Amino acid sequence: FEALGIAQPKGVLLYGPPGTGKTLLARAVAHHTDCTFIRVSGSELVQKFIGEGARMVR
Amino acid sequence: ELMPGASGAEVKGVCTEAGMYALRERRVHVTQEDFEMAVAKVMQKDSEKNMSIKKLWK
Amino acid sequence: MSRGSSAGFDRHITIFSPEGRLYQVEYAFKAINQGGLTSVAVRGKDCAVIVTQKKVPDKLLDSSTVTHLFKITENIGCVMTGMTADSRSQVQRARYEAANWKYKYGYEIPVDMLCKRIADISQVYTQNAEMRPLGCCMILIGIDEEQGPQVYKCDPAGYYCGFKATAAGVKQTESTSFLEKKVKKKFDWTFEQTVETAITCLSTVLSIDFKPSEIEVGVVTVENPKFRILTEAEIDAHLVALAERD
Amino acid sequence: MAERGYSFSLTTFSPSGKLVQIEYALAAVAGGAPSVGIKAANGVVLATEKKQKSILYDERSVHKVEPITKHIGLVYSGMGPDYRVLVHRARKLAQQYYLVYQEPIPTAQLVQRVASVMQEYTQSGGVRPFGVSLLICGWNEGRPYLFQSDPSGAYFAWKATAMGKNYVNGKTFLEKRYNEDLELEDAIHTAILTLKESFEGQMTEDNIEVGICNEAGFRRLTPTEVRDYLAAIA
Amino acid sequence: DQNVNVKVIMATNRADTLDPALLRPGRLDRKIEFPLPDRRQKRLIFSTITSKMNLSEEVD
Amino acid sequence: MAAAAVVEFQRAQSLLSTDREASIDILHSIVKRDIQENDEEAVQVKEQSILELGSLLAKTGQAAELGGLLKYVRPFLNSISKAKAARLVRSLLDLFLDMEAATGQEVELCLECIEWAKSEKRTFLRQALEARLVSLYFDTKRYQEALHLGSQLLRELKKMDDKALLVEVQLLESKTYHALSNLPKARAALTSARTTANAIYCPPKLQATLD
Amino acid sequence: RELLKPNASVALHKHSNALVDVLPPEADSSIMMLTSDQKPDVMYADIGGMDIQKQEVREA
Amino acid sequence: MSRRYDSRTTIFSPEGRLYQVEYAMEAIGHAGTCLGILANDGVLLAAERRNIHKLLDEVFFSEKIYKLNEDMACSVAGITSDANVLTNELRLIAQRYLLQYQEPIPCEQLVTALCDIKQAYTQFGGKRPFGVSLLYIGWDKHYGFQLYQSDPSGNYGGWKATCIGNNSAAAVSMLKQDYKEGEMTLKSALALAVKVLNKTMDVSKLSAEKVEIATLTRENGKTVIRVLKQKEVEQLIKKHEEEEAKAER
């Protein structure tokens, strides 16, 4: 990416309806790379470090 | 061919519903009708939506 | 019932609910319950009887509009049931429409047509919230010219259909089932009986009873098609008979 | 003196090909009375629930089966007051056609004109559109016809459709079932059986009301007759 | 789930009852719907329950 | 209109006037003509033809005329082209089944019927005929056949279904399998039956089996 | 110490510091239960209605 | 109250444009599609009806395409309800202009006049703007064969092949791809029209009941506007099978 130029990925938007197996491909690459795939389903349920968004960034 | 689809939940659900219907019957083969019942009920909800609003859940 | 959800600005407006309810109309039923007026109506073949309670706050009254029996045309007569303020405005509108019918039709109007004109006008109220519907209820009684005696009931909304016998007021449903037993038992329709059966029903549902002076009975007999109020005397004739009747 | 109150749009577009407030009106007709309409192909017969569920009904002319004119009849499901205006308006429209043509208003035409007021009431503030759907019959072009005009103002063309309680389920049963080439007597028998499937509870002759349109003209069947049809079929 | 026991059975009376973590597509294969107004059921409930308690001679 | 107007008079007349052996001869010829008819509505004429022959089915009897006459009901059924019509024919079949004739005749008439319903026209009629054949088979103790007929159909009529008539095959199956002593199969047929049946509204006969 | 590793109740000493024993995951429960006590005013037998629904519950 | 609500109908929003106008475009998206294509000797309209039902009787054979005049035709893209009112206004305007003019009504002239009413409501009167985009096809001498497109926003456009209704972005490109400027004749164009309708629908399978096809072809001295019967459209549905091959090749 340093060679390509453009800043290393900040926002990648995967958009469109589910049932096309969009989540499943993400899991595949995340496992191989050995990055932890941490799923948020729309919830600050899984923010337990203060448990409200906007501090779920920091 | 028959489904219009919409969701991640729905796609797998046809398989689940076919197997469950065979279980309620107490046959250990998956009857030819089971797959038909499962795809029909699910299909019918999804097809309906473009005319008037509805959803698969409350 | 439902109080509705908004997706428009449904809350203070008559426009739709997911029940199909109109907010202003449902509020129109609570206007009935404010007045305290309940009516029992009976159809016969000798006559159509409407009998309803007369409000007394004090004994200094003149009876000309204390009355809830109204002449909506000389042959066919009616009562307004519910809140007396809403009743007077509706009676007023109807009479100008009734007189209009007189210019057009040229004669005594059928009960089916009379209820239909009020129904169309009240469609204007029901669709608007610009002007809230009038939360009175009208039971028209009268002898339709070839068919016979008829009892029709319009709601504040304006829903009308024929019935063997009808009721309006504080609670329609409870009054109707009491009346339904009276209808099953179908009595010989002559003048004394049709008035008396009407009078017994209104007294049973309240369980307060009354004297003849306390109610107002209005009949349209085959005897005189004119719409007539019995008055204190004539009602009394039924009451004394009724006591001897079991 | 003067009235204001509500004059801004009350209706907002929903992505579905219809507005939100009209969609809600279609549920209103569903909780309305059962009414069935089947085109027999030698007349149209329309049947409606007579009752408003008090079960004291004494009909001689107070019907919900109404002749508008010579060969047009209307039976409805939903609101009473909203319907009475459509009946009064329909005669004026039929006659409007009768003056020019010397024939009353075809099914298609009557629908276009009734539909324009129903939409009017939507777009405008301080009004609400009807809660009524119409089963409109007619004999025009040398063929019986049957149209459905919905409370929105949209029209769906139907040879057989059902309204009232279980309307949705009613349309699929008719779509498969619908018949043609039916004798007049048979027309009544099929229509009553379809009414049995929509409408619950007792049927006698003060619970259901039937009207037929054919070549001779629209009229409304006497309570004695309806009873004979009802008994006859399984 | 997939145990000798019944899987967690849930009920909700609102659209705001739920949580998107619970809601997510890829958790619910099954959707159990529930009507209740039908003419048939009414007769059936009445006759079985009437039959549960004692029988009269005015039983209809 | 022809089925009622001449045919019923002519059938009544042959039987009333001249002997039961003599009429059988007239009767064969009248049914052959019936194919063509002289109808002015296929619908009506067919409902009444099937009904008039249906007097013979009820006996049931073992006459020469009985076997041949049975053959006539089958093209007449295909031609009828009305849904309402199926229930009528079902009833006549019920009466053929209640009163026994030979084993072989009864089974074959119903088997042949299932296949023709399928050829000429809809699955809807094919299904209705089926209820009867399966009923009659448990009595005959031809279970093996009953199992094949009922199992096969289920998937095919499933996409069609919004209609009252289809439940009945499911009702009948359960009985035959339960007598057979195959409880899963009986339970399976039961599973299909209550989901499809919805509410009672259906013909008095249909309600009678559902309960 | 091979039946030691699952997540289940266990015992430890305060200050004689030993994992003295292991205990079933059954232990630790303050929840009550009524198997069928204070019996509902319904049963599968005491209704006949909700037939369409009778398949959906039976299975689940 | 009424003073505590928003709907920003006549009132401009933070956007600089009204909510009601923008929302109308969304309703149009999930309703049946209408396209008009140009031919060398006519113009045609092809539309998908708002009926997704499997059984139609054909009481009114105009449920999408209404022929206003003997010189003009329209389609509806949107809600059938707002169309009903608009259809009645169109039978009058189209014939009035003609009484005076004695020349086939110009496609442009009609739309600009109509668009003015669409915008009038949103700006004032406290009414929402119609949920219908009307696709006008006509012929006048001084532009030639025409197609014009109408919006609820009061926007007009001069087109040669365009489509509005459902999945419009795809649809206009698909009409451009098969049909260039002035390329395709009237008969071959009718086929093209059905081919795009088969692909783009609110609900799949294209049938005679779901489609209505209208032709403007200039006959011997008169410009003839006909809506084709179900029977003729069917011959085009087989033609549309042939057309799929032909676009590719």
# chains A, B, ... in the order shown; residues from 1 in each chain; ligands from 1
$ select_by_dssp --residues "chain F" --states "alpha helix (DSSP H)" --output "ChimeraX atom specification"
/F:2,8-17,20-34,42-57,64-79,85-98,103-120,123-140,143-160,167-180,183-197,204-210
$ residues_around --residues "residue B:6" --least-positions-apart "3" --cutoff "12 Å" --atoms "only C-alpha atoms" --output "ChimeraX atom specification"
/A:16-21 /B:3,9-12,42-50,55-56 /E:25
$ write_last_selection --atoms "C-alpha atoms" --output "mmCIF file, in the first residue's frame"
data_model
loop_
_atom_site.group_PDB
_atom_site.id
_atom_site.type_symbol
_atom_site.label_atom_id
_atom_site.label_comp_id
_atom_site.auth_asym_id
_atom_site.auth_seq_id
_atom_site.Cartn_x
_atom_site.Cartn_y
_atom_site.Cartn_z
ATOM 1 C CA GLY A 16 -25.709 -4.772 0.405
ATOM 2 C CA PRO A 17 -28.126 -7.298 1.747
ATOM 3 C CA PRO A 18 -27.022 -10.554 3.562
ATOM 4 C CA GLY A 19 -27.601 -14.132 2.260
ATOM 5 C CA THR A 20 -24.962 -13.681 -0.390
ATOM 6 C CA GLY A 21 -22.429 -14.915 2.165
ATOM 7 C CA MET B 3 -37.032 -17.653 -3.642
ATOM 8 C CA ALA B 9 -30.976 -15.853 8.264
ATOM 9 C CA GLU B 10 -33.367 -17.069 5.539
ATOM 10 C CA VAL B 11 -30.932 -18.888 3.292
ATOM 11 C CA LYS B 12 -29.931 -21.528 5.884
ATOM 12 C CA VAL B 42 -40.236 -18.446 3.726
ATOM 13 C CA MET B 43 -40.770 -17.463 0.077
ATOM 14 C CA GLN B 44 -44.261 -16.341 0.730
ATOM 15 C CA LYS B 45 -43.192 -13.815 3.373
ATOM 16 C CA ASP B 46 -40.387 -12.333 1.181
ATOM 17 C CA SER B 47 -42.437 -12.075 -2.002
ATOM 18 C CA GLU B 48 -45.171 -10.107 -0.171
ATOM 19 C CA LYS B 49 -42.978 -7.237 1.032
ATOM 20 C CA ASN B 50 -42.470 -5.106 -2.170
ATOM 21 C CA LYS B 55 -40.937 -8.581 8.117
ATOM 22 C CA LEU B 56 -39.886 -12.075 9.158
ATOM 23 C CA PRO E 25 -29.624 -12.531 10.806
#
$ interface_residues --of "chain D" --to "chain F" --cutoff "12 Å" --atoms "only C-alpha atoms" --output "ChimeraX atom specification"
/D:40-42,166,168-187,189-203,230-234
$ write_last_selection --atoms "N, CA and C atoms" --output "tab-separated table (two decimals), in the first residue's frame"
chain	number	residue	atom	x	y	z
D	40	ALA	N	-69.72	-14.56	-13.29
D	40	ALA	CA	-70.24	-15.80	-13.75
D	40	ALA	C	-70.19	-16.03	-15.22
D	41	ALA	N	-69.92	-14.96	-15.99
D	41	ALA	CA	-69.71	-14.80	-17.42
D	41	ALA	C	-71.00	-14.80	-18.14
D	42	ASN	N	-72.12	-14.52	-17.42
D	42	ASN	CA	-73.41	-14.34	-18.04
D	42	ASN	C	-74.17	-13.54	-16.99
D	166	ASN	N	-60.28	-12.07	6.33
D	166	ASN	CA	-59.40	-12.99	5.63
D	166	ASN	C	-59.43	-12.67	4.11
D	168	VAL	N	-56.94	-11.46	2.10
D	168	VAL	CA	-55.73	-11.84	1.49
D	168	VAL	C	-55.68	-13.27	1.01
D	169	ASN	N	-56.20	-14.13	1.91
D	169	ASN	CA	-56.38	-15.54	1.82
D	169	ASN	C	-57.53	-15.77	0.84
D	170	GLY	N	-58.50	-14.84	0.85
D	170	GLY	CA	-59.69	-14.81	-0.02
D	170	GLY	C	-59.33	-14.66	-1.47
D	171	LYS	N	-58.40	-13.79	-1.85
D	171	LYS	CA	-57.96	-13.57	-3.17
D	171	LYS	C	-57.29	-14.72	-3.75
D	172	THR	N	-56.43	-15.52	-3.07
D	172	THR	CA	-55.73	-16.66	-3.57
D	172	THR	C	-56.63	-17.78	-3.79
D	173	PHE	N	-57.67	-17.98	-2.87
D	173	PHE	CA	-58.61	-19.06	-3.08
D	173	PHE	C	-59.39	-18.79	-4.35
D	174	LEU	N	-59.87	-17.57	-4.67
D	174	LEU	CA	-60.59	-17.19	-5.84
D	174	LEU	C	-59.76	-17.28	-7.03
D	175	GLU	N	-58.45	-16.92	-6.99
D	175	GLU	CA	-57.62	-16.86	-8.15
D	175	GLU	C	-57.50	-18.21	-8.76
D	176	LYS	N	-57.41	-19.26	-7.99
D	176	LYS	CA	-57.38	-20.61	-8.39
D	176	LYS	C	-58.75	-21.15	-8.81
D	177	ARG	N	-59.82	-20.72	-8.02
D	177	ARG	CA	-61.08	-21.34	-8.11
D	177	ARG	C	-61.96	-20.86	-9.29
D	178	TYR	N	-61.99	-19.53	-9.55
D	178	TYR	CA	-62.91	-18.78	-10.38
D	178	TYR	C	-63.39	-19.54	-11.58
D	179	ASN	N	-64.75	-19.38	-11.87
D	179	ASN	CA	-65.55	-20.10	-12.82
D	179	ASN	C	-66.26	-19.14	-13.67
D	180	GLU	N	-66.70	-19.70	-14.83
D	180	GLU	CA	-67.31	-18.98	-15.87
D	180	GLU	C	-68.14	-20.01	-16.49
D	181	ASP	N	-69.03	-19.50	-17.37
D	181	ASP	CA	-69.99	-20.24	-18.18
D	181	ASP	C	-70.97	-20.84	-17.20
D	182	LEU	N	-71.66	-19.98	-16.41
D	182	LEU	CA	-72.45	-20.44	-15.30
D	182	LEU	C	-73.82	-19.99	-15.63
D	183	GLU	N	-74.83	-20.89	-15.36
D	183	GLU	CA	-76.23	-20.60	-15.47
D	183	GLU	C	-76.57	-19.60	-14.33
D	184	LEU	N	-77.70	-18.85	-14.39
D	184	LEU	CA	-78.05	-17.80	-13.36
D	184	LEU	C	-78.16	-18.38	-11.95
D	185	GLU	N	-78.86	-19.56	-11.89
D	185	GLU	CA	-79.12	-20.30	-10.63
D	185	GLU	C	-77.86	-20.81	-10.00
D	186	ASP	N	-76.97	-21.25	-10.93
D	186	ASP	CA	-75.66	-21.74	-10.49
D	186	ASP	C	-74.84	-20.65	-9.97
D	187	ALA	N	-75.04	-19.40	-10.50
D	187	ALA	CA	-74.30	-18.22	-10.17
D	187	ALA	C	-74.45	-17.84	-8.82
D	189	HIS	N	-75.42	-20.07	-6.35
D	189	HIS	CA	-74.92	-21.22	-5.57
D	189	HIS	C	-73.45	-21.14	-5.36
D	190	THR	N	-72.65	-20.74	-6.39
D	190	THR	CA	-71.25	-20.57	-6.30
D	190	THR	C	-70.83	-19.41	-5.44
D	191	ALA	N	-71.63	-18.33	-5.57
D	191	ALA	CA	-71.42	-17.10	-4.84
D	191	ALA	C	-71.62	-17.21	-3.40
D	192	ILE	N	-72.68	-18.03	-2.94
D	192	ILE	CA	-72.95	-18.33	-1.57
D	192	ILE	C	-71.98	-19.18	-0.89
D	193	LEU	N	-71.43	-20.18	-1.63
D	193	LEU	CA	-70.35	-21.07	-1.14
D	193	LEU	C	-69.08	-20.31	-0.88
D	194	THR	N	-68.79	-19.33	-1.82
D	194	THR	CA	-67.60	-18.47	-1.61
D	194	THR	C	-67.77	-17.56	-0.43
D	195	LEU	N	-69.00	-17.12	-0.17
D	195	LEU	CA	-69.34	-16.28	0.96
D	195	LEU	C	-69.20	-17.03	2.26
D	196	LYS	N	-69.45	-18.34	2.30
D	196	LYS	CA	-69.36	-19.28	3.43
D	196	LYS	C	-67.89	-19.35	3.81
D	197	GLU	N	-66.98	-19.47	2.76
D	197	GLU	CA	-65.61	-19.49	3.02
D	197	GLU	C	-65.05	-18.14	3.62
D	198	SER	N	-65.52	-16.97	3.16
D	198	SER	CA	-65.02	-15.69	3.77
D	198	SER	C	-65.60	-15.44	5.14
D	199	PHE	N	-66.97	-15.49	5.25
D	199	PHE	CA	-67.76	-15.11	6.37
D	199	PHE	C	-67.94	-16.20	7.38
D	200	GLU	N	-67.82	-15.85	8.67
D	200	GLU	CA	-67.96	-16.81	9.74
D	200	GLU	C	-69.30	-16.71	10.37
D	201	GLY	N	-69.62	-17.74	11.20
D	201	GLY	CA	-70.86	-17.70	11.98
D	201	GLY	C	-72.02	-18.19	11.14
D	202	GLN	N	-73.27	-17.80	11.51
D	202	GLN	CA	-74.48	-18.21	10.96
D	202	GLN	C	-74.83	-17.44	9.74
D	203	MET	N	-75.53	-18.16	8.83
D	203	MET	CA	-76.00	-17.55	7.60
D	203	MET	C	-77.40	-18.02	7.62
D	230	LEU	N	-78.57	-21.23	-0.47
D	230	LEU	CA	-77.66	-21.49	0.64
D	230	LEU	C	-77.74	-22.90	1.04
D	231	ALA	N	-79.00	-23.43	1.11
D	231	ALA	CA	-79.26	-24.81	1.50
D	231	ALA	C	-78.68	-25.83	0.52
D	232	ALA	N	-78.82	-25.51	-0.77
D	232	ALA	CA	-78.66	-26.37	-1.90
D	232	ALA	C	-77.28	-26.95	-2.00
D	233	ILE	N	-76.27	-26.07	-1.80
D	233	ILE	CA	-74.89	-26.53	-1.99
D	233	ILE	C	-74.04	-26.92	-0.81
D	234	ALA	N	-72.98	-27.74	-1.09
D	234	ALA	CA	-72.03	-28.22	-0.12
D	234	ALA	C	-70.76	-27.31	-0.44
$ closest_atom_pairs --of "chain B" --to "chain D" --cutoff "8 Å" --atoms "only C-alpha atoms" --output "CSV"
residue,atom,partner,partner_atom,distance
B:50,CA,D:16,CA,5.7
B:51,CA,D:16,CA,5.6
B:52,CA,D:16,CA,6.2
B:53,CA,D:16,CA,7.5
$ residues_around --residues "residue D:215" --least-positions-apart "2" --cutoff "10 Å" --atoms "only C-alpha atoms" --output "ChimeraX atom specification"
/D:42-44,70-71,138-139,142-144,212-213,217-218
$ residues_around --residues "stretch 5-12 of chain G" --least-positions-apart "3" --cutoff "9 Å" --atoms "only C-alpha atoms" --output "list in words"
residues 1, 2, 15, 16, 17, 18, 19, 20, 21, 22, 23, 24, 25, 26, 27 and 28 of chain G
$ atom_distance --atom1 "atom CA of residue C:144" --atom2 "atom CA of residue D:33"
26.9 Å
$ closest_atom_pairs --of "chain H" --to "chain D" --cutoff "8 Å" --atoms "only C-alpha atoms" --output "tab-separated table"
residue	atom	partner	partner_atom	distance
H:2	CA	D:6	CA	6.6
H:7	CA	D:9	CA	7.0
H:9	CA	D:9	CA	6.6
H:20	CA	D:12	CA	7.0
H:23	CA	D:13	CA	5.7
H:24	CA	D:13	CA	5.9
H:26	CA	D:15	CA	5.2
H:27	CA	D:15	CA	4.5
H:28	CA	D:17	CA	6.1
H:29	CA	D:15	CA	7.2
H:30	CA	D:17	CA	5.2
H:31	CA	D:17	CA	4.7
H:50	CA	D:156	CA	8.0
H:51	CA	D:156	CA	6.0
H:54	CA	D:175	CA	7.1
H:55	CA	D:158	CA	6.3
H:56	CA	D:158	CA	4.8
H:57	CA	D:159	CA	5.0
H:58	CA	D:157	CA	6.1
H:59	CA	D:108	CA	5.8
H:60	CA	D:108	CA	4.9
H:63	CA	D:155	CA	7.7
H:78	CA	D:17	CA	6.1
H:79	CA	D:17	CA	5.5
H:80	CA	D:154	CA	4.8
H:81	CA	D:153	CA	4.4
H:82	CA	D:119	CA	6.0
H:84	CA	D:116	CA	5.2
H:85	CA	D:116	CA	4.6
H:125	CA	D:7	CA	8.0
H:126	CA	D:8	CA	4.6
H:127	CA	D:124	CA	4.9
H:128	CA	D:123	CA	5.5
H:129	CA	D:123	CA	7.7
H:130	CA	D:123	CA	7.7
H:131	CA	D:13	CA	7.9
$ interface_residues --of "chain B" --to "chain E" --cutoff "6 Å" --atoms "only C-alpha atoms" --output "count of residues only"
4
